[PDB]
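Next comes just one chain, in structure tokens: the form deposited without this ligand.
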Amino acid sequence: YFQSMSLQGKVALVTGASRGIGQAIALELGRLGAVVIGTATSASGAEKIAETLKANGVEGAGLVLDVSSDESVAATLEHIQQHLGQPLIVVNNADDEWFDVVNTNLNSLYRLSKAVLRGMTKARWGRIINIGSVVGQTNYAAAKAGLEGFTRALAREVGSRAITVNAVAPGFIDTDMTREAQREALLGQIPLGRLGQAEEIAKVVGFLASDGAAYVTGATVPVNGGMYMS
């Protein structure tokens, strides 16, 4: 069984896949025919991922991954390699506290990315896609700027191996967090005048994972209905 202009037979790793945007990315990739490995930081979350994938007919697995630790990352990859193959699509979705958070997130992004690159180097093919945070404002803006820069820098480091690195900057998305006066205030700031759906973020990620986006790298695609806050 051999494939053409699809994600068929590709193994995709999606962190933070148990709810909201991560779950939708997991499902969209599966719908495009990838083998999807979703991760959570707990056993119960990893089980819910496996059951969700199964209910949507997606071949894959739920796994426990803690992106903040080198041992958890190394072990998880060797497990995946042994059972399923090398993951060549990797989606990193997992006031005055802004510095630590952003730094921590970037260490995890780096750590995971560096681990999965040996595989992708070997294949001369890969996709790394980073999901930024949903829309206090100081943290949002710092996060976004660190994510853009990180994505642009890593893209440069791994371009020559035919690995794209890209990011998706979501705006105001309908997730369990965001679900009145404050709600109407936000809708006034969004040109389309509506919240985004999780699936709308997934669609962009799906496209970036495809062969049609092979010349796109280092980019951050904002998916925010026209609300730009930097």
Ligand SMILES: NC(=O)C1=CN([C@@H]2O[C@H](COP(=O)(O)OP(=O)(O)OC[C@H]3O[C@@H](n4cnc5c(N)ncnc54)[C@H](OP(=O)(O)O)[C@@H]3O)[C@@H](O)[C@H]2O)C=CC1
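Superpose the two forms; the largest set of C-alphas matching within 1.5 Å is the rigid core. Residues carry their position along the shown sequence, with the first being 1.
Although not depicted, the form deposited with this ligand bound is the subject of the following passage.
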Subject >> Open or blocked: site for this ligand, pose in the entry with it bound superimposed, 2.4 Å backbone/C-beta cut-off, 3-atom minimum >> reply: blocked
Subject >> Distance check, residue 93 to this ligand in the entry with it bound, heavy atom within 4.5 Å >> reply: yes
Original post:
Applying a 4.5 Å heavy atom distance criterion, does residue 129 contact this ligand in the entry with it bound?
Top reply: no
Original post:
At the 4.5 Å heavy atom threshold, is residue 125 in contact with this ligand in the entry with it bound?
Top reply: no
Subject >> residue 220 within 4.5 Å of this ligand in the entry with it bound, heavy atoms >> reply: no
Original post:
Are all three residues 16, 68 and 175 in contact with this ligand in the entry with it bound, where contact means a non-hydrogen atom within 4.5 Å?
Top reply: yes
Original post:
For the chain shown here without its partner, which stretch in 158-166, 54-62, 41-49, 26-34 has non-hydrogen atoms within 4.5 angstroms of this ligand in the entry with it bound?
Top reply: 41-49
**OP:** Determine, with the core as the superposition reference, the one member of 143, 117, 109, 155 that shifts its CA by 2 Å or more between the shown form and the other one.
**Re:** 143
Subject >> Is_shifted residue 70 between the shown form and the other one (CA, 2 Å cut-off, rigid core) >> reply: yes
Original post:
Out of closer and farther, which fits the Cα atoms of residue 104 and residue 22 in the entry with it bound compared with this form, where the change is 3 Å or more?
Top reply: closer
**OP:** Just say closer or farther for the C-alpha distance from residue 57 to residue 82 in the entry with it bound, relative to the shown form; it changes by 3 Å or more.
**Re:** farther
